[PDB]
Amino acid sequence: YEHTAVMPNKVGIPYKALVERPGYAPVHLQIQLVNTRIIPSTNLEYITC
Amino acid sequence: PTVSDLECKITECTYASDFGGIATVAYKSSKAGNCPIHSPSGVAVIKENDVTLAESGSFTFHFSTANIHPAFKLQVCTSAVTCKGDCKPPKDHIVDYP
Amino acid sequence: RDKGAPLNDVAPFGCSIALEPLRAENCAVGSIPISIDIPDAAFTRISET
């Protein structure tokens, strides 16, 4: 019903998950953890080059 | 009809005080005709006051019982039968008395 | 060409990277545990399956 799904956060894989339920019919999902996102606050301290 | 060899069964739904419970019914009888229906005693409001019956047919009906998963009997003008369903209701229930 | 550690080839998981504040794109784990609260309406009914 309330479909938990954890998978590796792997960009290019369509993991095609399943809501297991008997109230209603099981229904497919795809819990595809596409692209690893991280993005915190940052500060440019110095360019090097 | 004498509604004999009948079956009411699983078909599931989402259940609501109004008339949310449903259960398909393989209505099977020894005659064909009209049939007033209701659970053996008052525990349900049936949307279909009367349901037509063929001999070995199937007709889903609507009702409301109170039970969220409707395994409620239906007393189909001679012969009770459990009009089962497993129905998860809405998440919210603020509208007036059942 | 006098490189230290090239993290788009040596950052654990499966990551390769672009210009980033601190993000590691394309990692192949980094698992995102997804949990969905699916309304029952969105399903296919068990009698319609």
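Summarised in this report is the structure supplied together with it.

Criteria and thresholds
- Residues numbered from 1 in each chain as written, not as in the entry; some residues may be left out.
- Chains lettered and ligands numbered in written order.
- Part of a larger assembly, values for the part shown.
- Heavy atoms only, no water.
- Helix = DSSP H or I, 4+ residues; strand = E, 2+ residues; numbered from the N terminus.
- Contact = heavy atoms within 4.5 Å.
- Areas by Shrake-Rupley, 256 points an atom, 1.4 Å probe, with all protein chains shown as cover.
- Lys, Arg positive; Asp, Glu negative; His and termini not counted.
- Charge placed at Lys NZ, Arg CZ, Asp CG, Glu CD.
- Buried area = accessible area lost by both parts, 1.4 Å probe.
- Polar contact = N/O pair within 3.5 Å; in protein donor to acceptor, adjacent residues only side chain to side chain.
- Nonpolar A, V, L, I, M, F, W, Y, C, P; charged D, E, K, R; others polar.
- Disulfide = S-S within 2.5 Å.
- Buried < 20%, exposed > 50% of the residue type's maximum accessible area, 1.4 Å probe, protein only.
- Pairing = 2+ DSSP bridges.
- Salt bridge = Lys/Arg side-chain N within 4 Å of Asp/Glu carboxyl O.

Some words on the overall build of chain B
If you tally the helices and strands in chain B, you get 0 helices and 7 strands. Starting at the N terminus and walking to the C terminus, you meet the elements of chain B as β-β-β-β-β-β-β. Seen along its three principal axes, the alpha-carbon backbone of chain B occupies a region of about 45 × 20 × 15 Å. A separation of at least 24 residues holds for 61% of the contacts in chain B among residues at least 6 apart in sequence. Just so you have it, chain B exposes about 5100 Å², and 57% of that area is on carbon and sulfur atoms. A distance of 6 Å separates the average location of the 8 positive side-chain charges in chain B from that of its 10 negative side-chain charges.

Quick word on the interface of chain A and chain B
The interface of chain A with chain B comprises 5 residues on the first partner and 7 residues on the second. Roughly 440 Å² of surface becomes buried between chain A and chain B when both sides are summed, with 48% attributable to carbon and sulfur atoms. By the criterion of area lost to chain B, the three top residues of chain A are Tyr1, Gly23 and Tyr24 of chain A, representing 76% of everything that side buries. At the surface where chain A touches chain B, the tally comes to 2 residue pairs in polar contact. In the side of chain A that touches chain B, the residues fall into 3 nonpolar, 1 polar and 1 charged.

Examining the state of the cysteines
All names here are of chain B. Here the structure, examined in full by the defined rule, presents 4 disulfides over all chains. Each sulfur in the disulfide pair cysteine 8 and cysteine 83 lies 2.0 Å from the other. Measuring handedness by torsion sign, the sulfur bridge of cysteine 8 and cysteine 83 sits at about 105° and is right-handed. Taken as a pair, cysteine 8 in strand β1 (residues 7-9) and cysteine 83 in the segment after β7 (80-82) lie far apart in primary sequence, 75 residues in all. The residues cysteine 8 and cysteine 83 share a single accessibility class, namely buried.

Quick word on the sheet that holds strand β6 (residues 73-76) of chain B
Residues and elements named next belong to chain B. In space, the 3 strands of this open sheet follow the order β3-β6-β7, with antiparallel pairing throughout. Bordering the open sheet on either side are β3 (37-38) and β7, each of which pairs with just one other strand. Inspection of the sheet shows β3 paired to β6 by 2 bridges, in the antiparallel sense. In the sheet register, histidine 38 faces β6, and the bridge partner there is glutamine 75.

Examining the interface of chain C and chain A
Each partner contributes to the interface: chain C provides 25 residues, whereas chain A provides 28 residues. Here chain C meets chain A over a buried area of about 2300 Å², counting both sides, of which 62% is carbon and sulfur. Linking chain C with chain A are 0 salt bridges. Between the two partners, chain C and chain A, sit 9 residue pairs in polar contact. A per-class count over the side of chain C that touches chain A returns 14 nonpolar, 6 polar and 5 charged.

Overview of the side chain of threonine 11 of chain B
For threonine 11 of chain B, the position within the fold is in the loop between β1 and β2 (21-26). Using a relative accessible area of 9% as the deciding quantity, one classes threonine 11 of chain B as buried. Setting aside its immediate chain neighbours within four residues, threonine 11 of chain B contacts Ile22, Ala23, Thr24, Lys84 and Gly85 of chain B together with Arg45, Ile46 and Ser47 of chain C.

All quantities given are derived from atomic positions and should not be read as evidence of function.
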